[PDB]
Every structure is written in C-alpha cells, then in structure tokens.
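Only one structure is covered here, and it is reproduced in the block below.
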Amino acid sequence: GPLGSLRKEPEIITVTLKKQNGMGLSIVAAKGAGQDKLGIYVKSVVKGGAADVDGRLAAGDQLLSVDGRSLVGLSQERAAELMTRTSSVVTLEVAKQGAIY
Ligand SMILES: O=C1N=C(S)S[C@@H]1Cc1ccc(C(F)(F)F)cc1
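Laid out in structure tokens, this is it:
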C-alpha cells in the first residue's frame with residue numbers, strides 16, 4: 001500500500017522511537033458490549049516519550065489499525081499486545097476527531 005508523510009486527515013500514521021524512552025502514548029478501545037459502540041481512540045500523548053515528543057499525536061484521533069495488524073476497526077485486546085512490544089516504530093491508522101479543547 002501507499003503512505004503519505006504528514007497531513008491532518010484520516011490515514012496511516014507512523015511514530016518512530018526518536019529518543020528511545022518508549023512511545024509514551026495513551027489509547028482506549030471500546031467493544032460491542034454494554035454500549036453499542038465499538039472503536040479505538042488516541043486519548044493523548046503521555047508528555048514524556050519518544051513517540052509523544054516527535055510524533056505529537058492529537059487527543060481524540062480515532063484509531064483503526066495497528067503495527068503488524070491491519071485491524072481496520074477492532075478492540076485493543078488483540079492489538080495493544082503487539083503495539084507494547086514495538087521497540088522501534090509503531091505504524092498505526094487513525095481518523096482526526098475531537099481536540100485537546
Ligand atoms: O505509553 C506506552 N508506550 C509504549 S512503548 S507501551 C505504553 C502503552 C501504549 C502503547 C501504544 C500506544 C499507541 F501507540 F498510541 F497506540 C499507546 C499506549
């Protein structure tokens with residue numbers, strides 16, 4: 001598949017270990033259980049990591065796929081298990097919604 005570079009649109013995004021101190025990011029998935037909703041979201045950067053300081057992701061980015069795993073819309077229990085081991089770069093797929101405020 002193709003890949004861009006940087007733009008404020010729904011796409012593949014990739015986040016290198018620029019300063020090696022882990023990624024330092026924050027995500028939340030949902031499921032089709034207790035509420036009807038499903039999905040994944042970048043809740044924040046963690047204000048202290050390599051993918052935080054040089055990836056500078058936005059609060060609210062609706063995540064869909066994960067490094068080594070093209071999920072296209074499935075919950076973190078089969079994806080954050082891969083992302084945590086990354087050691088060098090997360091590829092991701094996201095869609096800009098919400099803001100900091
Ligand atoms: O903050 C973190 N950096 C890591 S390395 S593991 C931990 C949890 C975490 C993993 C991946 C993501 C990401 F890449 F944003 F999906 C968020 C949080």
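Start counting the sequence shown at 1; every next residue gets the next number (the entry's author numbering).
By construction, the Cβ of each residue, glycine as well, lies at the ideal position given by its N, Cα and C atoms.
Check	Outcome
With distances taken Cα to Cα, identify the nearest neighbour of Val94 among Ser70, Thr86 and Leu82.	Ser70
Give the list of continuous beta strand (DSSP E) stretches no shorter than 3 residues that lie fully inside the region 16-76.	25-30 and 39-45
Can you say whether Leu38 is buried or exposed, counting buried as having 16 or more other CB atoms within 10 angstroms of its CB?	exposed
List the residues that DSSP assigns as beta-bridge partners of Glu81.	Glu81 pairs with nothing; no bridge assigned.
Taking just the CA atoms, how far does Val28 sit from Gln76?	7 Å
Between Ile12 and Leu6, which are expected to be in contact by the criterion C-beta below 8 Å, what is the C-beta distance as a whole number of angstroms?	11 Å between Cβ atoms; not a contact.
Take the Cβ of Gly49 as the centre, count every other Cβ of all protein chains shown within 10 Å, and call the residue buried at 16 or more, exposed below.	buried
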